[PDB]
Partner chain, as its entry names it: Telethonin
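Just the one chain here, laid out as structure tokens, in the form deposited without the partner chain.
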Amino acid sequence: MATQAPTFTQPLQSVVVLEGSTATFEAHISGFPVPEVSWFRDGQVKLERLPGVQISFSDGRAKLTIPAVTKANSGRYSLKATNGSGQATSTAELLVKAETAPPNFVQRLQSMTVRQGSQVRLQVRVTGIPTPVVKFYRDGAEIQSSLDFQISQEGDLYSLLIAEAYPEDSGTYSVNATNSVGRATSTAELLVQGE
């Protein structure tokens, strides 16, 4: 209701972002009348002139997102909010790193002896940048995920859940994790006893 120069309630913060991911910047702006906002890269380059960006603004929340980020997106990013009483600027740097790491089993496949009808969970925890591809095998054959053999991922934790184990399920289970910079394999034996 009373006039007041623009200000950033939440400013931009510099961030390091992994190659290929989506970088996002968000700010909260106040001011009356409602400030007009413009995004810039490297000082003088109007951001809406560069391809592959999404800029939105509503109710004093300004958001810039850059999907599929690459090293060419690194630079200094600025948000300018302006009305008749003044003009405010928030600036942050975006640095895009590769940061590659080959696949690593922080939790290895674990050998197990269970009884028939038991439910058995075969878990690994796998790190890696780019995120590795994780596949489960029994005796060298890839396991197709089904309701009885259910492969799932939660974070870096990958689980094969055998709904009810029978002797026919015994064998050497293995997990392969591969990304663009390395490979890793964990093997284990599963034995399920009969009658």
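Positions refer to the first chain, counted from 1.
FYI, the form deposited with the partner chain bound isn't displayed, but the following is about it.
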The partner chain contact at residue 193 in the deposited bound form, heavy atom, 4.5 Å = no
According to a 4.5 angstroms non-hydrogen atom cut-off, is residue 121 in contact with the partner chain in the deposited bound form?
-> no
Contact of residue 111 with the partner chain in the deposited bound form (heavy atom, 4.5 Å) | yes
Residue 116 near the partner chain in the deposited bound form, any heavy atom under 4.5 Å?
-> no
Motion between this form and the one not shown between rigid parts - which of 98, 150, 134, 38 is the hinge | 98
What changes in the deposited bound form is the Cα distance between residue 151 and residue 18, by 3 Å or more; the two atoms are farther
